[PDB]
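Neighbour counts are summed over all protein chains in view; Cβ atoms, including those assigned to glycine, are modelled from backbone coordinates with ideal geometry. Each answer follows from the model by the rule given with it, or from the source it names; no laboratory read-out is quoted.
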2 protein chains.
Amino acid sequence: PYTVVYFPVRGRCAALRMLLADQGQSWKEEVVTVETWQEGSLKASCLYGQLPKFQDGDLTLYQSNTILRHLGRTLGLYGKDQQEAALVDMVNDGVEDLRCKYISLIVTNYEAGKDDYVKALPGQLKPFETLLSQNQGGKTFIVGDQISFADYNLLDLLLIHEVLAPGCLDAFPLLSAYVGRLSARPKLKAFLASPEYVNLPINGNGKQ
Amino acid sequence: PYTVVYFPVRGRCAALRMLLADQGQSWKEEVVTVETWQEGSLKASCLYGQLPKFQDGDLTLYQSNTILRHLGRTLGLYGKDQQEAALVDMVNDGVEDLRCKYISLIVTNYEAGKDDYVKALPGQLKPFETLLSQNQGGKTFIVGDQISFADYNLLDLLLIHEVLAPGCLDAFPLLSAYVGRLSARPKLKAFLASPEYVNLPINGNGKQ
Ligand SMILES: [Ca+2]
Ligand SMILES: [Ca+2]
Ligand SMILES: [Cl-]
Ligand SMILES: [Cl-]
């Protein structure tokens, strides 16, 4: 019933894939080549002219965070009540903002901008350390005591930043422990080690 | 029990205030000056160093789209079911993308950038016209048969684009009629007509 339509990349599909794997859900991957993409007709049929496209039976979705929220809702990964749901959105929106900066660097300014970016990174990572510290000493999840879609998205942003700036989480013991703890969940651990995850590059220009 | 904390501009709070007014809700406006913000300690206290900040009883939220989704969730402005909720998100995420482009023009590149922006604009508006055409001939709301938080956000975005590029909606009949019809909802009409709206500038730099 689920189909992910994307480039041969981790990118904006890494978090939703981790979620689906961790939750024991099956899905199909439909891969779009650069050639298919540049021919232009699939792009023309995309709502906002972008991928991922996601299919849930006859429901067609665009926008990676829409997909995340949809699976959160359907799979019960959206907090225990309405106040937790708001906190879950607040984290995800914050994650989305640092991801936009991360993509901008990768695409438009990797070589010249990297140095500056890695320097501003501690200040960008701190709110998430704070959020953990205020949630049972950072011992469980980013919101409440059950996993949410924001957890998968944050885990991913943190994995890719440790690739970009190895040791960037040394400054943040709760975020460091959170990564190890979430990465060690049985289904997720198995998925993160698999060729289907491992043999995809993070980004499409090979920069990371 | 609602408080809005923001600069004295429409900006990223216009949609949520429209929502609150149209839905018959009461709120407090806490204004923040340039000098208070530059003083630095309110900025330091914000989760992501940004306004708006929103209080709802003992709940404190940041991120305008978090606040919007929170009011949608708690006031029942989020579609009739999960499939609609997902379309609502997809609409709002689209509204957010174009708003980011708008802000970027207004704040960084208005004079040199405006021409290209207005030429690119029909392509950026066309998805929302299409979404209307596929939902009861564009006769009700952006999604389903009841108002959602995404309608308020879309309407704001459309209103500010008519100031920027007067006539931008002329080629779009469903978007044109939608703006007229939603703007005519009695509580919303009185709010858009009010001094607390009319006498605020759209953006902080006086450009529009
Ligand atoms: Ca759960
Ligand atoms: Ca309703
Ligand atoms: Cl944002
Ligand atoms: Cl987006």
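Hey, any hits in the stretch B:88-104 for a residue that's more than 16 Å from ligand 4 (Cβ to nearest atom) and either in contact with an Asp or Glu (Cβ under 8 Å, 6 or more places away or on another chain) or outside the structural domain of B:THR66 (by CATH) (or both)? Looking through the stretch B:88-104, none of the residues is more than 16 Å from ligand 4 (Cβ to nearest atom) and either in contact with an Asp or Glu (Cβ under 8 Å, 6 or more places away or on another chain) or outside the structural domain of B:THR66 (by CATH) (or both). Kindly provide the set of residues from the stretch A:127-169 that are within 12 Å of the chain's Cα centre (by Cα), away from ligand 3 (no atom under 16 Å from the Cβ) and of a type outside the set (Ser, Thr, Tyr), ordered by number. Hits for the stretch A:127-169 are A:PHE149, A:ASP151, A:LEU155, A:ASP156, A:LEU158, A:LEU159, A:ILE160, A:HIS161. In summary, A:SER133 fulfils each of the numbered conditions (1) surrounded by 15 or more Cβ atoms within 10 Å (Cβ to Cβ); (2) closer than 18 Å to A:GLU84 by Cα with the single exception of condition (1).
Does the stretch A:27-47 contain any residue that is within 12 Å of chain B (Cβ to nearest Cβ), of a type in the set (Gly, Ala, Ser) and farther than 20 Å from A:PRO195 by Cβ? Yes, the stretch A:27-47 has at least one match.
Residues in the stretch A:152-168 include at least one that is buried (at least 23 other Cβ atoms within 10 Å of the Cβ), of a type outside the set (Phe, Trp, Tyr), within 14 Å of chain B (Cβ to nearest Cβ) and within 25 Å of A:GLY76 (Cβ to Cβ). In the stretch B:51-63, how many residues are within 16 Å of ligand 3 (Cβ to nearest atom), out of contact with any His (no Cβ under 7 Å at 6 or more places or on another chain) and within 9 Å of another protein chain (Cβ to nearest Cβ)? So the count comes out to 2.
Among the residues of the stretch B:108-118, are any assigned by CATH to the domain that holds B:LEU159 and either over 25 Å from B:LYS207 (Cβ atoms) or not in a helix (DSSP H, G or I) (or both)?
For the stretch B:108-118, residues assigned by CATH to the domain that holds B:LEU159 and either over 25 Å from B:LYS207 (Cβ atoms) or not in a helix (DSSP H, G or I) (or both): present.
I'm checking my understanding of the structure. Among residues of the stretch A:69-86 that are touching a helix residue (DSSP H, G or I) at 6+ places or on another chain (Cβ under 8 Å) and within 9 Å of chain B (Cβ to nearest Cβ), which one is surrounded by the fewest Cβ atoms within 10 Å (Cβ to Cβ)? Filtering first and then ranking leaves A:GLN82. Residue by residue through the stretch A:117-140, note down the ones that are within 12 Å of another protein chain (Cβ to nearest Cβ) and over 20 Å from A:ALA165 (Cα atoms). Correct list: A:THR130, A:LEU131, A:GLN134.
I need the full set of residues from the stretch B:87-109 which are facing chain A (nearest Cβ under 10 Å), within 16 Å of ligand 3 (Cβ to nearest atom) and closer than 15 Å to B:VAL143 by Cβ, in order please. Scanning the stretch B:87-109 gives B:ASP89, B:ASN92, B:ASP93, B:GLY94. Taking the listed residues B:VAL88, B:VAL143, the one that is among the aliphatic types (A, V, I, L, M) and either away from ligand 2 (no atom under 16 Å from the Cβ) or outside any loop (DSSP other than H, G, I, E, B) (or both) is B:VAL88, with no other qualifying. Among the residues of the stretch B:39-63 satisfying the criterion of being part of a loop (DSSP other than H, G, I, E, B) and without any contact (Cβ under 8 Å) to a residue 12 or more places away in the chain, which is surrounded by the fewest Cβ atoms within 10 Å (Cβ to Cβ)? This residue is B:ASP58.
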